[PDB]
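Presented below, as structure tokens, is a lone chain in the form deposited in one PDB entry.
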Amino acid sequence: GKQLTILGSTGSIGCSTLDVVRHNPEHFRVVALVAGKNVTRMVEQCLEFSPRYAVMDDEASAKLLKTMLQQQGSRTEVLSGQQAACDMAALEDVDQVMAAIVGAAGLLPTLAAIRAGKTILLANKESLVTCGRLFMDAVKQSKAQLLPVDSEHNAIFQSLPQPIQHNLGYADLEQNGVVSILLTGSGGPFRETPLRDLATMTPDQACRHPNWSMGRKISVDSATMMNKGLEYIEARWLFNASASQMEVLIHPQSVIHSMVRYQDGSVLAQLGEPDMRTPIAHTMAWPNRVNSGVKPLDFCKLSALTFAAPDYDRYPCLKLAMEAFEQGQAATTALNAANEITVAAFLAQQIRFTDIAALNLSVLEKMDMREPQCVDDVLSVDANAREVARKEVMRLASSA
């Protein structure tokens, strides 16, 4: 039995991982569940999986959870707050930690798992978007195993050779026959929109993916290719890839999830249904395999597969992400933070669709921060970048 901690058990990734546990009771035992405020979901999960521990970040949520579990005869011990959440990530008997908390709040619990030398099933975006140097340095020091859960990074990982898989972050691509990492993205709803029409796209239009049904913020990041820009940042950290070892391709059908190019001409790819239980089950069972509940991909029921090079005039956020990487973790943290603000402003109809890239750039230009040296420095860059972005939004929404 692999013993697990699930950080962010009540969200989308957490629920999908619990479905894999559900399919494989003989392979995985839930030791600890951690969430924020979803008491109702958390009760159900505690009843089904009988974790030794459950933690809620919010103290009033933990209190309610403590009492309901007692009445429903649950023996799970209820804890509260961030220290408790990091402790679950570092439990002696825990083998793997599903790192699936959203936002900067995912940082310290994910780091706790890394410092404890655990296998980390990495979902939280902020980990490598904002703390990529700090976290890869930390995994190298503890020899923690990272296994990326994100569909694209997981596809890359599966398409990579065994010496890289087992030394992830540290191994040399070149020495292992790898010439580049091919990161694929859908191109969003506006792949073919006349460029001059982008300024007038509405929130509803940007969120109407042709081939996806997801939350508004991630849907906008798909439309700007900010989503791929952030995954570019993560992949360079995760896979130890230089700028010339990265290729971003638009692949509108999203059937190929990403690819790896080798020295002999070979390209290895992972394909599948768009269901997160595939990459989650891959990371949970690695180096073996487990049923995930995902139906086999039917090749006779596909759109024709196509590819194209991103136009940075169409996707300036993609180019900003790549440029941000070269400026360091202060810049990537600032871009991620500014983008949360400007995307929310766009969705609230305070700015135009094209003002996301323009204001993201303006924030980066106005920032003057030193390379972060610890998580606390990153949190400070993030706070400051948000304030700079909010003030840019207000300037635009008010004045000139």
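C-alpha atoms forming the largest set that superposes within 1.5 Å between two forms make up the rigid core. From 1 onward, residues are counted along the sequence shown.
Unshown form deposited in another entry; subsequent notes refer to it.
Which residue, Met259, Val139, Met276, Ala206, is displaced 2 Å or more at the Cα between this form and the one not shown after superposing the core? The only residue crossing the 2 Å threshold is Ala206.
Does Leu195 move appreciably between this form and the one not shown, meaning a CA displacement of 2 Å or more on the superposed rigid core? Superposed on the core, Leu195 moves its C-alpha 2 Å or more between this form and the one not shown.
Taking the rigid core as the frame, does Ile13 move its C-alpha by 2 Å or more between this form and the one not shown? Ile13: C-alpha displaced by less than 2 Å between this form and the one not shown.
Comparing between this form and the one not shown on the rigid core: C-alpha of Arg352 shifted by 2 Å or more? Superposed on the core, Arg352 moves its C-alpha 2 Å or more between this form and the one not shown.
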